[PDB]
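In the block that follows, a single chain appears as structure tokens, in the form deposited in one PDB entry.
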């Protein structure tokens, strides 16, 4: 039904890339892709369905390994192909659990042996993926070697030798490819729930100011334009969190992707000054604490996250502004924690404080901001603060119709809320 509006091409210096073959407007869906392979990530193991990656109140463990959990038999049956070979591996590893990259690659090798050409590889295959093999530092090669051994041990029940996989496949190279090509999979409210490989989507080079963005529906990846784009214009996404200083961005791009970004934001340290508002002596502590805090959120430990956040927020109220990114991230965690713990009034407290900083650091239309605004607007609505909510709901609608698309369930809710809210306002 739908014309393909993107194509692979060779760039001057970034290797291959993806570009528009037709003019594109904001919100326009460019690509829908299934994973070559994917898995729930460590922190969400028993929290979301192994298959559809949805959070369901109550999940059924696979009777054999008791590691994989599903929201229904339909999901358990749909997953058995992808699960067959790991089930034994997982059961035996117990009480151990392998790194995600190991479990992920474990699913990949079997997909590689399909005869049904992968829909996820229509533009680019696993074997085309960049490994950056010649640019890896010795520290990295070492860690990769370890992953290789861990794989050999983890898969030993199913694979004993190289001849049981395709001749072109190489473990060391596979892991290198995995580090720089895997996508973290997020639910609709941009919470991290998994990781996957989407080889065709892997063509997109990075920019700290991208013209496209990505949102998932379960393991399905949707790529959209968030900006007007011209024929022949390279399509880009941002590989990184938006709340990072030019220097943090440089380091992670170096360490994980073996390149330095020359985008205009990196040239000019764009917003670095705002991000670091406050005294380094103070906000350094906050940056440190964030390590533990975010590891806790990855494991959905909301009580624990709230406590750490409260101590930090309380203690800094007199000397550190909310626009400082480390402090901002602590507020964002605090809010999410309160929302999950039914502390709604208090969520509104922390949430309102992220609003202006988010508008600044998440320019334009970004799914992360769209969802933030949506949450605050809903919290407002809940507290009866109608004209405030209405303003925010309207704004979330405007952002998310572009980042999530009109057919999205979250847009459905928004419209209903805008209506209930607009009613109470013109009844006031």
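Note that the rigid core is defined as the largest set of C-alphas that superpose within 1.5 Å between two forms. Positions refer to the first chain, counted from 1.
Q: If you average the Cα B factors in the entry, which is higher, 252 to 260 or 198 to 206?
A: 252 to 260 has the higher mean C-alpha B-factor.
Q: So 3 to 11 or 419 to 427, which one's hotter by mean CA B-factor in the entry?
A: Taking the mean B-factor of the alpha carbons in each, 419 to 427 is higher.
Q: Of the options 377, 35, 27, 384, which has the highest CA B factor as deposited?
A: Of 377, 35, 27, 384, 384 has the highest C-alpha B-factor.
Q: Among the candidates 113, 328, 105, 238, give the one with the maximum CA B-factor reported in the record.
A: Highest C-alpha B-factor among the listed options: 113.
Q: By the recorded C-alpha temperature factor, relative to the other modelled residues in its chain, which third is residue 219 in?
A: For residue 219, whose C-alpha B-factor we compare with every modelled residue in the chain, the answer is the lowest third.
Q: Relative to the other modelled residues in the chain, which third contains the C-alpha temperature factor of residue 365: lowest, middle or highest?
A: Ranked within chain, residue 365 CA B lands in the lowest tercile.
Q: Using the B-factors in the PDB entry, rank residue 408's C-alpha atom against the chain and give the third, lowest, middle or highest.
A: For residue 408, whose C-alpha B-factor we compare with every modelled residue in the chain, the answer is the middle third.
Q: Consider only the C-alpha atoms of the modelled residues in this chain, order them by B-factor as the entry records it, and name the third containing residue 58: lowest, middle or highest.
A: Its C-alpha B-factor, which the entry lists for residue 58, ranks in the highest third among residues of this chain.
Q: Considering every modelled residue of the chain and its Cα B-factor in the PDB entry, is residue 163 in the lowest, middle or highest third?
A: According to the entry, residue 163 has a C-alpha B-factor in the chain's lowest third.
The next section is about a form of this same protein that is not shown, the form deposited with a small molecule bound.
Q: Residues in which of 312 to 320, 182 to 190, 167 to 175, 269 to 277 have heavy atoms within 4.5 Å of the small molecule in the deposited complex?
A: Stretch with heavy atoms near the partner: 182 to 190.
Q: Would residue 371 count as a contact of the small molecule in the deposited complex, using a 4.5 angstroms cut-off between non-hydrogen atoms?
A: Yes, residue 371 lies within 4.5 Å of the small molecule in the deposited complex.
Q: With the cut-off set at 4.5 Å between non-hydrogen atoms, does residue 304 touch the small molecule in the deposited complex?
A: No, residue 304 sits far enough from the small molecule in the deposited complex that none of its heavy atoms falls within 4.5 Å.
Q: So in the deposited complex, does residue 51 come within 4.5 Å of the small molecule, heavy atom to heavy atom?
A: Residue 51 lies outside the contact set for the small molecule.
Q: Is it the case that residue 379, even though its partner is missing from this view, gets within 4.5 Å of the small molecule in the deposited complex, heavy atoms only?
A: It does: once the small molecule is placed as it appears in the deposited complex, residue 379 has a heavy atom within 4.5 Å of it.
Q: Look at the candidate spot formed by 340, 375 and 410 and say whether the small molecule comes within 4.5 Å of a heavy atom in all three of them in the deposited complex.
A: So, yes: the whole triplet contacts the small molecule.
Q: If we fit on the core, is the Cα of residue 317 displaced 2 Å or more between this form and the one not shown?
A: Residue 317 C-alpha, core-superposed: shift of 2 Å or more.
Q: Is there a C-alpha shift of 2 Å or more at residue 13 between this form and the one not shown once the rigid core is superposed?
A: No, shifts by less than 2 Å.
Q: Inspect the rigid-core superposition and answer whether the C-alpha of residue 414 shifts by 2 angstroms or more between this form and the one not shown.
A: Residue 414 C-alpha, core-superposed: shift of 2 Å or more.
Q: How does the CA gap of residue 350 and residue 316 change in the deposited complex versus this form, closer or farther, if it moves 3 angstroms or more?
A: Those two alpha carbons end up farther apart in the deposited complex.
Q: Pin down for me whether the residue 319-residue 308 Cα distance shrinks or grows in the deposited complex relative to this form (closer or farther, change of 3 Å or more).
A: Closer is correct, given that in the deposited complex the C-alpha spacing of residue 319 to residue 308 is reduced by at least 3 Å.
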